[PDB]
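This document starts with one chain, in the form deposited in one PDB entry, laid out as structure tokens.
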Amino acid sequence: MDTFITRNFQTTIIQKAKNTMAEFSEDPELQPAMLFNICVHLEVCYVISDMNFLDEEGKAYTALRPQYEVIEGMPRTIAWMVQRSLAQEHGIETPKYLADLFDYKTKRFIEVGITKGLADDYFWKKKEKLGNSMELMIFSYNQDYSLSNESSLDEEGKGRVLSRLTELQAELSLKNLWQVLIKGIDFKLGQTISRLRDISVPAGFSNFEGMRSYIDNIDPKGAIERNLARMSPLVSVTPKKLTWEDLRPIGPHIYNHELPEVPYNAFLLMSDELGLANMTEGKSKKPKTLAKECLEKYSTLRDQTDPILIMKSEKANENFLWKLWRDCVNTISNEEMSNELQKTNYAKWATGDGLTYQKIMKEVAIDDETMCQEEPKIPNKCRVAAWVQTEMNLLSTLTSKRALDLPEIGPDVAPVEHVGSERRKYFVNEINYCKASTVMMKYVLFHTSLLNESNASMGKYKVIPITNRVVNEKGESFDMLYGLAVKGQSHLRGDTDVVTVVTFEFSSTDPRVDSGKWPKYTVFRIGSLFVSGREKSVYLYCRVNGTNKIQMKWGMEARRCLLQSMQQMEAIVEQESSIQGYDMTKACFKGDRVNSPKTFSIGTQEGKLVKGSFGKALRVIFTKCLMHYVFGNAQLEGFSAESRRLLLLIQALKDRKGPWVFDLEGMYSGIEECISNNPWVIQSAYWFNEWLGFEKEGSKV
């Protein structure tokens, strides 16, 4: 048949028929009869379309506007688009069924059909199926035709199409084909995939067919019981009832006095910070001008060119650090509007950037025997330090300066909005003036500046002031300069790529008072000042530190601590409001007629626990969140995640739920492996041990 189609039909018609069959998911090879039928229909449709054109007057003529537009043979989407456009242009109802031709002379859709039987029967069948919307014309190989309109075609066209049909029928009869003229998805597997399948079966199956049959037929009816009976008894959860005696202090090594005191490793001074204050009208100015004016106010500190070294950590060069600090001062105090360092070559070595290993191609390193992989740097095991407790005590106290300023919101028209506003007012009033809020504001501002310079500057050394905006009770606004930083180079795009930052921070705390807290800081005594008529020294803590893009990005997001500190209290307040109807915020914080103000066990002194107001608990929670941010690293995350289990076990013990632990030493070791050198983790372990002892005493009674 294929030869017949190739001989009797053009390549274009065959291609269109094959495409049409593909649209219907019918294989042309397996249904040659339908292929021939579609080819004949398409050829006759073109025959009617051809040899007809419209003149400028719109009258049919023989030749440019063809008198007919062919819709059969086009893709279903294109055919539907052209049919819809033709209907819309001429204001004709769009026929439901796809037409085969369109006549512009009458502006009517025409359907072309071919049948072996009487033309009238097929004409009536098609009219019933479609109706009178579309003009009907049906041709038959017996030289009989049925046309809805007799003026659509002239004698020549009908004669030509009938002659072509007669020739096709005669040729089919000659080849004895006219009488002869009367699956789904097959996802076959290849040779490679089948071979991989055969060798990916469990032990005991030679090929995938064996596994298929075994899973399809064999039914297990107690294989689990047989295996459990056959399995050794040495494997088991080995559970043990948990008791207060089972619980023991976590990380006893922190009480060893041979280990070094854990040092201060925060990016910026938190409780020892000193901020040079310059009162301002309130206008916002660039950090460089802020630093310049603040230093101008304190001329003695700015003009101090002679350093009095108090202590150099282990390797920090006093000359390098002091020269870098003087370069920062000169750059900030210069007339130029750029905070760029004016040396850019001394700073290459002062910051330690120039002491970087040189990369070489692999072959030399492979040949060079002396090149070896470096041993990992284990974190030192330290013991508890009192400075962490002192910082916790100090950061949760109220100060005279509030640095947290938030945008306004729309007016409140609903009671819910009013209660929310009241709770927000109480929360902010409690936490506005706490020192942790000022420290958090300083941290976020510094990190935002660091990131802005990181993306703005790549291969240069920038001076970044450590600045803050602080408003006191009277409403006066101050710009506070806490020091300066050298942000050097970067030259590295991505998430984890160190950017050297050399921080010089003002302070008023003598490093000799607590020597073990500052083994990383090179501090000079740069001057003195009279805060309230009393002389007080001013040291300059200098340190070299590293940071990444993610670190600065999350430093900008240290304000969410505020949210974390409110959610908690909200819930607490909410719970009280559940106990008794009326709003409990005022009663919880200050007390009312029928409720004493709420109090929480905050700490202890001389071995006796101490209670504090709800506001003190708020400040403590906020400080805890801020310290979680500041001392956040892998160690803190691991310690918190692993100690949550112990906290939940202790809670179950308190409620007399009879907790059971399948193994306790494993949990304890997992918790303790994260207590290496993070000050917050060690202090939290100490606090956990103290609270666990208190809970044991309370349980005894």
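One rule holds for the numbers: they count along the sequence shown, beginning at 1. Just so we're on the same page, rigid core means the largest C-alpha set that superposes within 1.5 Å between forms.
Although it is not shown, the form deposited in another entry is what the next lines describe.
- Once the two forms are fitted on their rigid core, between this form and the one not shown the CA displacement reaches 2 Å or more only for 72 among 261, 430, 453, 72.
- Once the cores line up, the CA of residue 514 ends up less than 2 angstroms apart between this form and the one not shown.
- For residue 593, a C-alpha deviation of 2 angstroms or more is recorded between this form and the one not shown after rigid-core alignment.
- With the core held fixed between this form and the one not shown, residue 31 has its Cα displaced by at least 2 Å.
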